[PDB]
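**Student:** Encoded as structure tokens, here's the structure I'll be asking about.
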Amino acid sequence: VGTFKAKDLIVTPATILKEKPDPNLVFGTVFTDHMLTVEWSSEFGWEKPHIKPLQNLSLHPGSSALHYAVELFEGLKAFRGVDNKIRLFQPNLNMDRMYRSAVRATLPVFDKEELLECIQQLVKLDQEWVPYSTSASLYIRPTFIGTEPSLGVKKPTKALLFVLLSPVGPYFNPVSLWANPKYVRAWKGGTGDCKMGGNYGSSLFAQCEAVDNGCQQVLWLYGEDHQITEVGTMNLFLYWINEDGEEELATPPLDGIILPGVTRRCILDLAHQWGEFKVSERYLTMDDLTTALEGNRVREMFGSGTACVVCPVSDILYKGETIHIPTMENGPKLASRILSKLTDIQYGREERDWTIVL
Amino acid sequence: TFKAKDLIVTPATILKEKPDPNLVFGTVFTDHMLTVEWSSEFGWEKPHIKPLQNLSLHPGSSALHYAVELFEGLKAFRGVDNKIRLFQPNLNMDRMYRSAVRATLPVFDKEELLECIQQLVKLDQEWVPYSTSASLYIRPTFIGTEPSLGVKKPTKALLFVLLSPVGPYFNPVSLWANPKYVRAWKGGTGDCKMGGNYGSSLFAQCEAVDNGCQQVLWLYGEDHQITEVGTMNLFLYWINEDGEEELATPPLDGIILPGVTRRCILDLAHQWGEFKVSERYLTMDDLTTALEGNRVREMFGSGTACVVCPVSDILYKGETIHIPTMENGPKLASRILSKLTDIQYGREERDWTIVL
Ligand SMILES: *Cc1c(COP(=O)(O)O)cnc(C)c1O
Ligand SMILES: *Cc1c(COP(=O)(O)O)cnc(C)c1O
Ligand SMILES: NCC1(CC(=O)O)CCCCC1
Ligand SMILES: NCC1(CC(=O)O)CCCCC1
Ligand SMILES: [Mg+2]
């Protein structure tokens, strides 16, 4: 029972550094010169955190992360603002979610402040990788895995916490969605509300089946009434005129099968803040969708996430039929506004608690 | 696909001493392992049988981030005639292959993989315990080693096999039944040995442990269907609602993993023909109602690690529900255990075993 502390950081600089890429960058493909690694054991607990040259992990073949998916991750960004100050966006929320995930995965808890500071140091050393752009950023990937060498399924007595850095650009460009009720992403009583690796491996089949039909992503449906939950691995937002005739920004509620995105939260806070229209966390089914469509009640639909921020949807292939979404034929005003707002806050073109400097 | 004919063998320079057959499941490993690299641009590399060593993986490998991984479990047994046998190995190759497809991992020639495994076990054959109550556990593992963080079909992967001598896993177990957690769901992948299905079980499993139990009784649906005993297929031996003696186990509707042991037990039950054999749904209420009527005789889980694992108690709604398995023999559990072990250790010759 304890934690590692940033003041104990053991930094080992890379002798040979790599050349930065061109800001104009396939997501998660390029990695910086250094990484963060912290060992753990139930015997001695957390060791001293290390910032060393990016290298391969040396894992026992029996590591529980390779057999029973004892792992979890996070994804946040650092932005080199217009005032050229490197900033983090709502990092503390990422530390809160990662912690909640480590517990749900039975992985060893840690001090969020210490980790966030270790991440600060790691990004500081490689601050030059933070894209000298305004449409690019630095992707931060915290990863927690069980390295228990035994094959028995149980709480790991060994784990490794690491952080990778990758400069990224994009990921508008409306997307087509593949809606097949035969596949379910999360279930009540499952781990769909956590960022645990196990919830992602089983979706590759659906994804491939998605591209096989010109769709860039999967629209995850759930239950008898086919509630629409998430766009691929992005939270789903629906801007429309509800059943009562009111202008509304809707999104599925956090009832266990939806991941509580940091971007989802921010979009909700902004929406409430403006008070220009009803904001509701409610259930949305395909029928609610189609009925609204054949009434011209829909305006926009988009997914939200750290990677895309705001990703417009234009089509849903459902029951062998392409259902068009007027998202683009309506601006998308709401979606563009939200992008500007967050972008302004991310790159320093506007002050707000949501960001941190260093 | 890789060919067993291209195996590159690098024997360990120093051999480890064999453990006492005592043995804690999957904690001791043999001298060698099988590794086969795959890439999207070149396909499979040649298979390597080399000394047990750590895996050097790029920190971005999808197996660490998105659970792009699956695994298998089977055993080698030293016969009473000293012949080492594999039990239904081709069924594991089949299941592993199906899982590979559902996981979007590269396909391989089932027969070639088996031959590579046979050769690995042959090299470390002295590890196959000289006991009729111990065996050599075989762990084929398939992981995606895609370097990029984008979520997609891997362009790089690794297939490896570890060997581990093991003893047990009748020590009746008590199960913890809490509907709040769900092992797998319709539309899911609970019918595959993909890593993802296990990581989410640890929280419930630990809750079962600090609550006086050793395994989780996985419940599903509004009517609380009893699906599996921990990660072992569930069997109920009783007199059903029609008053018929019956051996029942949940149907393969998608939330149940098709265990080889499960299929074998059903096979044996059907051929003995001494009672009704049913692949059907079983709910906590069917169970409790049956207990009150004294219709339950036995309950046990089945799996490679524990061929037959009897259940004695179930903590359900704030109460401990006793299952009379042990005071009923357990006649059928024993008979079944006896039969299967006799086949595995060669006391009986059957097509379910492959020698050397
Ligand atoms: C990571 C993730 C999101 C988005 O969360 P953000 O913190 O907003 O990046 C949404 N859905 C799923 C399933 C996710 O894994
Ligand atoms: C492996 C496994 C079983 C048992 O299958 P066998 O082929 O008999 O070893 C049962 N349930 C789950 C969830 C499993 O992973
Ligand atoms: N849809 C993508 C992410 C989330 C996001 O940033 O929207 C989750 C899977 C791993 C890559 C990131
Ligand atoms: N219940 C156990 C296993 C199966 C078995 O052999 O019963 C699956 C999880 C990994 C260890 C093996
Ligand atoms: Mg062939």
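Ligands are numbered from 1 in the order shown, chains are lettered A, B, ... in the order of the structure tokens, and residues start at 1 in each chain.
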Give me the residues within 9 Å of residue 259 (chain B) as a PyMOL selection string, counting only C-alpha atoms and dropping any in the same chain fewer than 3 places off.

**Tutor:** chain B and resi 232-233+256+262-264+302-304

**Student:** Quick one: residues within 9 Å of region 31-34 of chain A, only C-alpha atoms, excluding same-chain residues fewer than 4 positions away - as a list in words?

**Tutor:** residues 12, 13, 14, 16, 17, 18, 20, 51, 52, 53, 54, 55, 122, 123, 125, 126, 129, 164, 165, 166 and 167 of chain A

**Student:** Go ahead and dump the residues you just picked, C-alpha atoms, as a PDB file, in the first residue's frame.

**Tutor:**
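What landed in selection.pdb:
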```
ATOM      1  CA  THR A  12      18.553   8.596 -17.967  1.00  0.00           C
ATOM      2  CA  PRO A  13      18.852  10.778 -21.128  1.00  0.00           C
ATOM      3  CA  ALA A  14      19.149   9.218 -24.572  1.00  0.00           C
ATOM      4  CA  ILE A  16      21.309   9.507 -29.606  1.00  0.00           C
ATOM      5  CA  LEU A  17      18.147  11.505 -30.256  1.00  0.00           C
ATOM      6  CA  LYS A  18      15.727  11.071 -33.162  1.00  0.00           C
ATOM      7  CA  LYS A  20      11.129  15.133 -35.257  1.00  0.00           C
ATOM      8  CA  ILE A  51      12.550   8.375 -17.429  1.00  0.00           C
ATOM      9  CA  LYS A  52      14.749   6.580 -19.950  1.00  0.00           C
ATOM     10  CA  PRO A  53      15.211   6.162 -23.718  1.00  0.00           C
ATOM     11  CA  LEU A  54      12.227   4.656 -25.521  1.00  0.00           C
ATOM     12  CA  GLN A  55      12.817   0.911 -25.531  1.00  0.00           C
ATOM     13  CA  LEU A 122       8.630  13.267 -19.207  1.00  0.00           C
ATOM     14  CA  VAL A 123       6.854  15.701 -21.523  1.00  0.00           C
ATOM     15  CA  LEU A 125      12.312  16.542 -21.477  1.00  0.00           C
ATOM     16  CA  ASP A 126      10.706  15.758 -24.843  1.00  0.00           C
ATOM     17  CA  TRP A 129       8.309  16.786 -29.833  1.00  0.00           C
ATOM     18  CA  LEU A 164       4.503   6.780 -24.194  1.00  0.00           C
ATOM     19  CA  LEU A 165       4.553   9.987 -26.218  1.00  0.00           C
ATOM     20  CA  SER A 166       3.451  10.282 -29.823  1.00  0.00           C
ATOM     21  CA  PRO A 167       3.026  13.391 -31.999  1.00  0.00           C
TER      22      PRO A 167
END
```

**Student:** Which one is closest to residue 24 (chain B): B:137, B:170, B:218, B:235? Count only C-alpha atoms.

**Tutor:** B:137

**Student:** Might you pull out every residue within 8 Å of residue 191 (chain B), with only C-alpha atoms counted and same-chain residues fewer than 4 positions away left off, and present them as a short mmCIF file (atom, residue, chain, number, x, y, z; two decimals) with N, CA and C atoms, in the first residue's frame?

**Tutor:**
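Wrote around.cif, looks like this:
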```cif
data_model
loop_
_atom_site.label_atom_id
_atom_site.label_comp_id
_atom_site.auth_asym_id
_atom_site.auth_seq_id
_atom_site.Cartn_x
_atom_site.Cartn_y
_atom_site.Cartn_z
N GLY B 254 -23.76 -18.77 -26.94
CA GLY B 254 -22.91 -17.62 -27.17
C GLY B 254 -22.22 -17.04 -25.94
N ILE B 255 -22.73 -17.34 -24.75
CA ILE B 255 -22.11 -16.82 -23.53
C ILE B 255 -21.34 -17.91 -22.80
N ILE B 256 -21.34 -19.10 -23.38
CA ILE B 256 -20.66 -20.25 -22.81
C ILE B 256 -19.47 -20.66 -23.67
N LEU B 257 -18.34 -20.92 -23.03
CA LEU B 257 -17.17 -21.34 -23.77
C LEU B 257 -17.29 -22.84 -23.97
N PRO B 258 -17.12 -23.32 -25.21
CA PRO B 258 -17.22 -24.75 -25.53
C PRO B 258 -15.99 -25.50 -25.03
#
```

**Student:** Which residues of chain A come within 10 Å of ligand 4, and what is each one's closest atom pair and distance in Å (one decimal), counting only C-alpha atoms and all ligand atoms, sorted by chain and residue number, as CSV?

**Tutor:**
```
residue,atom,partner,partner_atom_place_in_ligand_line,distance
A:67,CA,ligand 4,10 (C),8.0
A:68,CA,ligand 4,10 (C),7.7
A:150,CA,ligand 4,11 (C),10.0
A:151,CA,ligand 4,11 (C),6.4
A:152,CA,ligand 4,11 (C),5.6
A:153,CA,ligand 4,10 (C),5.8
A:154,CA,ligand 4,10 (C),9.6
```

**Student:** For ligand 1, collect every residue having any atom at a distance of at most 6 Å from a ligand atom (counting only C-alpha atoms and all ligand atoms); output as a list in words.

**Tutor:**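 Using only C-alpha atoms and all ligand atoms, everything at most 6 Å from ligand 1 comes to residues 195, 233, 234, 235, 259, 261, 262, 263, 264, 305 and 306 of chain A.
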
**Student:** If the limit is 12 Å from any atom of ligand 5, counting only C-alpha atoms and all ligand atoms, which residues qualify? Return them as a PyMOL selection string.

**Tutor:** chain B and resi 1-5+108-115

**Student:** Residues near residue 129 (chain B), anyone? I mean within 7 Å using only C-alpha atoms, not counting same-chain ones fewer than 6 positions away, as JSON, numbers by chain.

**Tutor:** {"B": [21, 78, 135, 136, 165]}

**Student:** Using C-alpha atoms, can you write the selected residues to a file as a PDB file, in the first residue's frame?

**Tutor:**
```pdb
ATOM      1  CA  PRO B  21       4.933 -33.390  -8.605  1.00  0.00           C
ATOM      2  CA  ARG B  78       2.654 -39.721 -18.942  1.00  0.00           C
ATOM      3  CA  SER B 135       0.619 -33.506 -15.895  1.00  0.00           C
ATOM      4  CA  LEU B 136       2.265 -31.042 -18.241  1.00  0.00           C
ATOM      5  CA  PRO B 165       4.185 -28.974 -15.023  1.00  0.00           C
TER       6      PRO B 165
END
```

**Student:** Measuring between only C-alpha atoms and all ligand atoms, which one of A:246, A:321, A:344, A:230 shows the shortest distance to ligand 3?

**Tutor:**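 Smallest separation from ligand 3 among the options: A:230.
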
**Student:** Please, which residues of chain B lie no more than 7 Å from chain A when the count uses only C-alpha atoms, and can they be set out as a JSON list (two decimals) with N, CA, C and O atoms, in the first residue's frame?

**Tutor:**
```json
[["chain", "number", "residue", "atom", "x", "y", "z"],
["B", 25, "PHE", "N", -0.39, -24.56, -9.73],
["B", 25, "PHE", "CA", -0.76, -24.34, -11.13],
["B", 25, "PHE", "C", -0.10, -23.17, -11.84],
["B", 25, "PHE", "O", -0.22, -22.02, -11.42],
["B", 26, "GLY", "N", 0.58, -23.48, -12.94],
["B", 26, "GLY", "CA", 1.21, -22.47, -13.77],
["B", 26, "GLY", "C", 2.24, -21.54, -13.17],
["B", 26, "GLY", "O", 2.35, -20.39, -13.60],
["B", 27, "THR", "N", 3.01, -22.01, -12.20],
["B", 27, "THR", "CA", 4.01, -21.15, -11.61],
["B", 27, "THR", "C", 5.42, -21.60, -11.95],
["B", 27, "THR", "O", 6.38, -20.84, -11.77],
["B", 54, "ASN", "N", 12.41, -14.00, -21.63],
["B", 54, "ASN", "CA", 11.47, -12.89, -21.63],
["B", 54, "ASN", "C", 11.15, -12.47, -23.06],
["B", 54, "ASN", "O", 11.97, -12.63, -23.97],
["B", 55, "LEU", "N", 9.96, -11.92, -23.26],
["B", 55, "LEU", "CA", 9.56, -11.45, -24.57],
["B", 55, "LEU", "C", 9.94, -9.98, -24.67],
["B", 55, "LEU", "O", 9.60, -9.19, -23.79],
["B", 56, "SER", "N", 10.68, -9.64, -25.72],
["B", 56, "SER", "CA", 11.09, -8.26, -25.96],
["B", 56, "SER", "C", 10.03, -7.67, -26.89],
["B", 56, "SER", "O", 10.02, -7.96, -28.09],
["B", 57, "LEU", "N", 9.14, -6.86, -26.33],
["B", 57, "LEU", "CA", 8.05, -6.26, -27.09],
["B", 57, "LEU", "C", 8.05, -4.74, -27.11],
["B", 57, "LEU", "O", 8.36, -4.09, -26.11],
["B", 58, "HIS", "N", 7.68, -4.18, -28.25],
["B", 58, "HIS", "CA", 7.58, -2.73, -28.39],
["B", 58, "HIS", "C", 6.46, -2.31, -27.43],
["B", 58, "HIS", "O", 5.37, -2.88, -27.45],
["B", 59, "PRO", "N", 6.72, -1.30, -26.58],
["B", 59, "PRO", "CA", 5.73, -0.81, -25.62],
["B", 59, "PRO", "C", 4.35, -0.49, -26.18],
["B", 59, "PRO", "O", 3.39, -0.36, -25.44],
["B", 63, "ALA", "N", -1.40, -5.96, -27.75],
["B", 63, "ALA", "CA", -1.80, -6.90, -26.71],
["B", 63, "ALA", "C", -1.77, -6.23, -25.33],
["B", 63, "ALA", "O", -2.45, -6.67, -24.41],
["B", 64, "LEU", "N", -0.99, -5.17, -25.20],
["B", 64, "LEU", "CA", -0.87, -4.46, -23.93],
["B", 64, "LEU", "C", -1.89, -3.34, -23.80],
["B", 64, "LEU", "O", -2.25, -2.94, -22.70],
["B", 65, "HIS", "N", -2.37, -2.85, -24.94],
["B", 65, "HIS", "CA", -3.32, -1.75, -24.98],
["B", 65, "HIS", "C", -4.78, -2.10, -25.27],
["B", 65, "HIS", "O", -5.71, -1.53, -24.69],
["B", 66, "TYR", "N", -4.98, -3.04, -26.19],
["B", 66, "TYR", "CA", -6.33, -3.40, -26.60],
["B", 66, "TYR", "C", -6.68, -4.86, -26.47],
["B", 66, "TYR", "O", -7.61, -5.33, -27.11],
["B", 67, "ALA", "N", -5.95, -5.57, -25.62],
["B", 67, "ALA", "CA", -6.22, -6.98, -25.41],
["B", 67, "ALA", "C", -6.35, -7.77, -26.71],
["B", 67, "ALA", "O", -7.19, -8.64, -26.84],
["B", 68, "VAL", "N", -5.50, -7.45, -27.68],
["B", 68, "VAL", "CA", -5.50, -8.17, -28.95],
["B", 68, "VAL", "C", -4.76, -9.45, -28.61],
["B", 68, "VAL", "O", -3.54, -9.53, -28.78],
["B", 69, "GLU", "N", -5.49, -10.46, -28.13],
["B", 69, "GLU", "CA", -4.83, -11.69, -27.70],
["B", 69, "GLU", "C", -5.82, -12.82, -27.39],
["B", 69, "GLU", "O", -6.96, -12.58, -27.00],
["B", 70, "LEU", "N", -5.35, -14.06, -27.55],
["B", 70, "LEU", "CA", -6.16, -15.24, -27.25],
["B", 70, "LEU", "C", -5.20, -16.29, -26.73],
["B", 70, "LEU", "O", -3.99, -16.14, -26.85],
["B", 71, "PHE", "N", -5.74, -17.36, -26.15],
["B", 71, "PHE", "CA", -4.88, -18.40, -25.62],
["B", 71, "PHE", "C", -5.59, -19.75, -25.59],
["B", 71, "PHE", "O", -6.79, -19.81, -25.80],
["B", 102, "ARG", "N", -11.82, -14.48, -35.06],
["B", 102, "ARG", "CA", -12.65, -13.51, -34.35],
["B", 102, "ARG", "C", -11.81, -12.35, -33.79],
["B", 102, "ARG", "O", -12.32, -11.24, -33.60],
["B", 103, "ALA", "N", -10.53, -12.60, -33.56],
["B", 103, "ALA", "CA", -9.62, -11.59, -33.02],
["B", 103, "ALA", "C", -8.87, -10.82, -34.10],
["B", 103, "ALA", "O", -8.19, -9.83, -33.82],
["B", 104, "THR", "N", -9.02, -11.28, -35.34],
["B", 104, "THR", "CA", -8.37, -10.72, -36.53],
["B", 104, "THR", "C", -6.87, -10.94, -36.52],
["B", 104, "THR", "O", -6.12, -10.23, -37.19],
["B", 143, "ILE", "N", -0.52, -13.31, -29.47],
["B", 143, "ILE", "CA", -0.67, -11.87, -29.21],
["B", 143, "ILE", "C", -0.33, -10.95, -30.37],
["B", 143, "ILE", "O", 0.57, -11.22, -31.17],
["B", 148, "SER", "N", 1.83, 0.57, -33.57],
["B", 148, "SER", "CA", 1.06, 1.81, -33.50],
["B", 148, "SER", "C", -0.13, 1.76, -32.53],
["B", 148, "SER", "O", -0.69, 0.69, -32.28],
["B", 149, "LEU", "N", -0.50, 2.92, -31.99],
["B", 149, "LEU", "CA", -1.59, 3.01, -31.02],
["B", 149, "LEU", "C", -2.97, 3.07, -31.66],
["B", 149, "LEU", "O", -3.99, 3.03, -30.95],
["B", 150, "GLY", "N", -3.03, 3.17, -32.98],
["B", 150, "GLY", "CA", -4.32, 3.20, -33.64],
["B", 150, "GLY", "C", -5.00, 1.87, -33.41],
["B", 150, "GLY", "O", -4.35, 0.82, -33.40],
["B", 152, "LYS", "N", -6.60, -1.08, -34.65],
["B", 152, "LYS", "CA", -6.91, -1.81, -35.88],
["B", 152, "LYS", "C", -6.36, -3.23, -35.93],
["B", 152, "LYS", "O", -5.73, -3.69, -34.99],
["B", 153, "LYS", "N", -6.65, -3.91, -37.02],
["B", 153, "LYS", "CA", -6.18, -5.27, -37.25],
["B", 153, "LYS", "C", -4.66, -5.18, -37.21],
["B", 153, "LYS", "O", -4.06, -4.38, -37.92],
["B", 180, "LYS", "N", -24.61, -8.78, -9.90],
["B", 180, "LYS", "CA", -24.09, -7.46, -10.25],
["B", 180, "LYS", "C", -23.01, -7.54, -11.33],
["B", 180, "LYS", "O", -22.83, -6.59, -12.10],
["B", 181, "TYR", "N", -22.27, -8.65, -11.38],
["B", 181, "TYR", "CA", -21.22, -8.82, -12.38],
["B", 181, "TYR", "C", -21.64, -9.82, -13.45],
["B", 181, "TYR", "O", -22.36, -10.78, -13.17],
["B", 182, "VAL", "N", -21.18, -9.59, -14.68],
["B", 182, "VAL", "CA", -21.51, -10.46, -15.80],
["B", 182, "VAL", "C", -20.23, -10.86, -16.53],
["B", 182, "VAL", "O", -19.48, -10.01, -16.99],
["B", 185, "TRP", "N", -21.75, -11.72, -22.46],
["B", 185, "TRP", "CA", -23.11, -11.41, -22.92],
["B", 185, "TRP", "C", -23.36, -11.75, -24.39],
["B", 185, "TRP", "O", -22.42, -11.87, -25.18],
["B", 187, "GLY", "N", -23.89, -11.37, -28.09],
["B", 187, "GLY", "CA", -23.35, -10.34, -28.96],
["B", 187, "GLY", "C", -21.91, -10.09, -28.58],
["B", 187, "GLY", "O", -21.23, -9.27, -29.18],
["B", 188, "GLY", "N", -21.45, -10.82, -27.56],
["B", 188, "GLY", "CA", -20.08, -10.68, -27.09],
["B", 188, "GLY", "C", -19.14, -11.76, -27.57],
["B", 188, "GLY", "O", -19.39, -12.41, -28.58],
["B", 189, "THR", "N", -18.07, -11.98, -26.83],
["B", 189, "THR", "CA", -17.06, -12.95, -27.21],
["B", 189, "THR", "C", -16.78, -13.97, -26.10],
["B", 189, "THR", "O", -15.74, -14.64, -26.10],
["B", 195, "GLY", "N", -8.18, -13.07, -24.34],
["B", 195, "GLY", "CA", -7.76, -12.41, -23.11],
["B", 195, "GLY", "C", -8.76, -11.48, -22.47],
["B", 195, "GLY", "O", -8.93, -11.48, -21.25],
["B", 196, "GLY", "N", -9.44, -10.68, -23.29],
["B", 196, "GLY", "CA", -10.40, -9.72, -22.78],
["B", 196, "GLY", "C", -11.45, -10.21, -21.81],
["B", 196, "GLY", "O", -11.84, -9.48, -20.90],
["B", 197, "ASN", "N", -11.92, -11.44, -21.99],
["B", 197, "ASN", "CA", -12.96, -11.98, -21.12],
["B", 197, "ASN", "C", -12.52, -12.25, -19.68],
["B", 197, "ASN", "O", -13.35, -12.40, -18.79],
["B", 198, "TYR", "N", -11.21, -12.28, -19.45],
["B", 198, "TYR", "CA", -10.71, -12.60, -18.12],
["B", 198, "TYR", "C", -10.31, -11.41, -17.25],
["B", 198, "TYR", "O", -10.55, -11.43, -16.05],
["B", 199, "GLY", "N", -9.73, -10.39, -17.87],
["B", 199, "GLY", "CA", -9.31, -9.22, -17.12],
["B", 199, "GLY", "C", -10.42, -8.57, -16.30],
["B", 199, "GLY", "O", -10.18, -8.07, -15.21],
["B", 200, "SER", "N", -11.64, -8.61, -16.83],
["B", 200, "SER", "CA", -12.77, -8.00, -16.15],
["B", 200, "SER", "C", -13.37, -8.89, -15.07],
["B", 200, "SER", "O", -14.29, -8.48, -14.38],
["B", 202, "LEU", "N", -11.38, -10.43, -12.62],
["B", 202, "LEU", "CA", -10.56, -10.29, -11.43],
["B", 202, "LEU", "C", -11.22, -9.56, -10.26],
["B", 202, "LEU", "O", -11.05, -9.96, -9.10],
["B", 203, "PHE", "N", -11.98, -8.50, -10.54],
["B", 203, "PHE", "CA", -12.62, -7.77, -9.47],
["B", 203, "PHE", "C", -13.66, -8.63, -8.74],
["B", 203, "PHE", "O", -13.75, -8.59, -7.52]]
```

**Student:** Rank nothing, just name the residue among B:34, B:151, B:333, B:252 nearest to ligand 3, using only C-alpha atoms and all ligand atoms.

**Tutor:**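 Nearest candidate to ligand 3 out of B:34, B:151, B:333, B:252: B:151.
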
**Student:** Name the closest residue to ligand 3 among the candidates A:304, A:340, A:84, A:24; distances are taken between atoms, counting only C-alpha atoms and all ligand atoms.

**Tutor:**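 The closest residue to ligand 3 is A:304.
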
**Student:** Find the residues around residue 246 (chain B) up to 10 Å (only C-alpha atoms counted), leave out those fewer than 3 positions away in its own chain, and share them as an MDAnalysis selection string.

**Tutor:** chainID B and resid 236:240 242:243 249 269 274:278 296:297

**Student:** Quick one: pick out all alpha helix (DSSP H) residues within region 8-204 of chain A from a backbone DSSP run and write them as number ranges by chain.

**Tutor:** A: 64-67, 91-104, 112-125, 198-201, 204

**Student:** Just checking: using only C-alpha atoms and all ligand atoms, which residue out of A:303, A:256, A:45, A:23 ends up closest to ligand 3?

**Tutor:**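 Among the listed residues, the smallest separation from ligand 3 belongs to A:303.
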
**Student:** Considering only C-alpha atoms and all ligand atoms, can you say which of B:98, B:193, B:32, B:295 comes closest to ligand 2?

**Tutor:** B:193

**Student:** Do a neighbour search on region 88-90 of chain B at 7 Å with only C-alpha atoms, toss out local chain neighbours closer than 5 positions, and write the hits as an MDAnalysis selection string.

**Tutor:** chainID B and resid 74 352:353

**Student:** Using Å and a single decimal, report how far CA of residue 243 (chain A) sits from CA of residue 175 (chain A).

**Tutor:**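 These two atoms are separated by 25.9 Å.
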